[PDB]
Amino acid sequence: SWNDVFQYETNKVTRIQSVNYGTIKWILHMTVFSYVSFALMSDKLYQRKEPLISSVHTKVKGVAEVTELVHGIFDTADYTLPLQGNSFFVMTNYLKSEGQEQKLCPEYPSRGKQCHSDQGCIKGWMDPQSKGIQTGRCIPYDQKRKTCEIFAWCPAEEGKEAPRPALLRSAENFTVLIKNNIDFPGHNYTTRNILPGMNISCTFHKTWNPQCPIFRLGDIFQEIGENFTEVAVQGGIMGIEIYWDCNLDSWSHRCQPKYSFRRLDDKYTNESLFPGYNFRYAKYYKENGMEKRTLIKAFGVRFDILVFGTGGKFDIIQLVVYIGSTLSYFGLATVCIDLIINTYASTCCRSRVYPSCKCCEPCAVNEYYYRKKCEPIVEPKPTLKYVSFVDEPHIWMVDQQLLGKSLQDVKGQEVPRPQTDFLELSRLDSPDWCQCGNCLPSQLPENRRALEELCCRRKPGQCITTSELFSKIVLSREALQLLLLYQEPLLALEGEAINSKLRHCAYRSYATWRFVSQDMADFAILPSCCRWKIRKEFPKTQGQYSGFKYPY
């Protein structure tokens, strides 16, 4: 319990002393570190970002003189609405109509709205274009043309084109002072666009005076290539963008506004979609006991102040999350070099690639790395068997069911014989499937008999048992007794169990000798000749030999 949680597991590793792999690893590590640092610093991913809340206060300055003969002056109480926040309006043109009473009168002829006769007109129809209700009559607007008769404020001048050139062109010489107060409430920071010690006699310039909050309207239009004289005729919408890219860290504090301009209304608006910008405003006051009204259609530019931006401040959680996101990228060197080792250890490299390209020859050392790095094993299953023929240099793995066919004729995968422990070695008639002649028929049941139908060689020749090594290793009683006493020093050498143990040790001795690996010697199957020679050397009394058994 306690000893199970008081454990630490660490990976077994191979440390390769390689110039190429070391330099590749360090180059990849430096590349990953450089990119991660660059992404962290350029994007400021260690910071929490917060949008601002903004308040705008505008002040327009400028007066204009207009003739018609009546000479008048327009000041901020004339061309400017009480709007002093995000939007302000400057009038650049106007149309006047005095003395309007709600009564029947002909509509203004605009865009060919002339009425030929009462048939061309329609009674009881609401007309938003003329802002009246047609009575179905056709009275002459003028001595030449006739228009529909509407009940509305009269006289009506709807559809009259705006004066050209614009009357209040001098509005391009007006200036606006903009005061912008911004706040980041999450970061608990506030600031404004006008600081103490700032020059007040300046006007904004994108290069000379980029922080002066006083803007000449004509300069605003000239900056983005717009014609104030042309826009003044019908009006439009212009946007003054204030951008706050604010760094709220003490060591890199920077919170200044950036001013830009952008036309917000479509220059190519369809004629039916009301191009430009205007509004009709009226003063109402009855006279002679009759409701009167004076109407002015004012054209001008609406200015929208768009204030946006974010403020960033160092946050530990953001940095931790970013570092955790980038941590897995430092396995790139491992992935790349392991891919190099695995790829160049394949046999297809030496067979096909190396003869073609001799530059790839010194990279055959990856087979050594692969065999010092990976240990291939197979699943121990009931059908797993290993055979080895003395007339062959390799070993066969049979990993399929035997459907009565003898194990001799069954084919399997070719696996190589592992190299032995040379450190220790440095010390001082016959059946149809039998190609050696010493094999004997199996005494196992029929359905299992094919398991024991194996020969020591695939081709006719001498038997493995004929060699002196078979007697020295497998059949030597003294060697087997010493091996058995190594494990159990005080073993009782009496009874029939000693012969059973001796048979087991002879089988193992043979499996170890022919199948070097203990993983393969466990599932190795002895040929009939060796098996029956062993059983003739150590016979059992009153029983039947069990044969190979599954070690799991």
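Each residue number is its position in the shown sequence, starting from 1. So that the term is clear: the rigid core is the largest set of C-alpha atoms that superpose within 1.5 Å between two forms.
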Query raised in the report: Core-superposed in 9 other deposited structures of this protein, which stretch deviates more in Cα positions, 139 to 147 or 254 to 262?
Result: 139 to 147
Report summary line: After superposing on the rigid core, the stretch whose C-alphas lie farther from this form in 9 other deposited structures of this protein, comparing 434 to 442 with 268 to 276, is 268 to 276
Requested in this report: Using none, 1 to 3, 4 to 9 or 10 or more, say how many deposited residues go missing between residue 68 and residue 69.
Outcome: 4 to 9
Query raised in the report: Are any deposited residues left out of the model between residue 428 and residue 429, and how many (none, 1 to 3, 4 to 9, 10 or more)?
Result: 10 or more
